[PDB]
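S.K.: Chains as they are written, first to last, in the numbering used here: chain A, 1 to 52; chain B, 101 to 152; chain C, 201 to 250; chain D, 301 to 352.
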């Protein structure tokens, strides 16, 4: 805001404020993997941590 | 919602309920009144109790 | 078909109140130390030249 | 290409940049230079670069 020089008896004026705003919509994000149950068995048999 | 009679084989159906949403904007109500200073004095001097 | 979250118009949340720029208050207060006086005019004499 | 990019944010002297994100291929293009023995910042990387 900007000040203003006034004298004895002179009117003391006013200023203003310039506000604003922003919005954001919530987005849903996923990711899926298709793993055969025959694979998860070999994942624990040969002890290779492919899924872990 | 209304349930449906289901046989041991028939498909259990789904009902349809519609949920809506209202919105109420806040409103300000104001009641003003002006009384004279002499009157305000008169209420206090005579134990009148008008103001209360 | 089903109950969506679109019919139910959600309000939301407030991040807060941020000021765009850093405040550019002053510079005269940093260069020349404020020497306060009583109310009224001020006046000084300057003797120049040899 | 980076300094002139910063010079667009602090060029007007309004905003103050404090964060920078680079692409892995671009971070290698940044010439490894560092300051010589004389300067008071001797031994410090003059640019983000890679390897440091």
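Backbone N, C-alpha and C fix where the C-beta goes; we use that ideal spot for every residue, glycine too.
Which bits of chain C does residue 120 of chain B rub up against, with CB to CB less than 9 Å?
M.R.: Result: 207 and 208.
S.K.: Reducing DSSP to helix, strand and coil, say where residue 333 of chain D ends up.
M.R.: Correct three-state label for residue 333 of chain D: coil.
S.K.: Report the CB separation of residue 115 of chain B from residue 101 of chain B in whole angstroms; it is logged as a contact under 8 Å.
M.R.: The pair is a contact, with the Cβ atoms about 4 Å apart (cut-off 8 Å).
S.K.: Check the C-beta distance from residue 208 of chain C over to residue 121 of chain B and give it rounded, since I have them as a contact under 8 Å.
M.R.: Yes, they are in contact, since the Cβ atoms of residue 208 of chain C and residue 121 of chain B sit about 5 Å apart, within 8 Å.
S.K.: Counting only the same chain and skipping the five closest in sequence on each side, list residues whose C-beta sits under 6 Å from that of residue 345 of chain D.
M.R.: Excluding positions up to five away in sequence, the list reads 334 and 352.
S.K.: Kindly indicate if chain B contains any beta-carbon less than 9 Å away from that of residue 203 of chain C.
M.R.: With 9 Å as the cut-off, residue 203 of chain C counts as an interface residue toward chain B.
S.K.: Counting contacts by CB-CB distance shorter than 9 Å, is residue 131 of chain B in contact with chain C?
M.R.: Taking Cβ atoms only, chain C never reaches closer than 9 Å to residue 131 of chain B, which makes this a no.
S.K.: Please confirm whether residue 145 of chain B and residue 151 of chain B have their CB atoms less than 9 Å apart.
M.R.: Taking 9 Å as the Cβ cut-off, residue 145 of chain B and residue 151 of chain B do not qualify as a contacting pair.
S.K.: Kindly indicate which three-state DSSP category residue 275 of chain D falls into: helix, strand or coil?
M.R.: Because residue 275 of chain D is not part of the residues shown, which for chain D are 301 to 352, the question remains open.
S.K.: I need the boundaries of the alpha helix (DSSP H) containing residue 138 of chain B, first residue and last residue.
M.R.: Per DSSP, residue 138 of chain B belongs to the alpha helix (DSSP H) from 137-145.
S.K.: State yes or no: is the C-beta of residue 350 of chain D within less than 9 Å of the C-beta of residue 330 of chain D?
M.R.: In this structure, residue 330 of chain D lies closer than 9 Å to residue 350 of chain D by Cβ.
S.K.: Let me see if you follow: with CB-CB separation under 9 Å, is residue 111 of chain B close to chain F or not?
M.R.: The structure shown has no chain F; the protein chains it does contain are A, B, C and D.
S.K.: Where does the unbroken alpha helix (DSSP H) through residue 229 of chain C begin, and where does it stop?
M.R.: From DSSP, the alpha helix (DSSP H) with residue 229 of chain C extends over 228-231.
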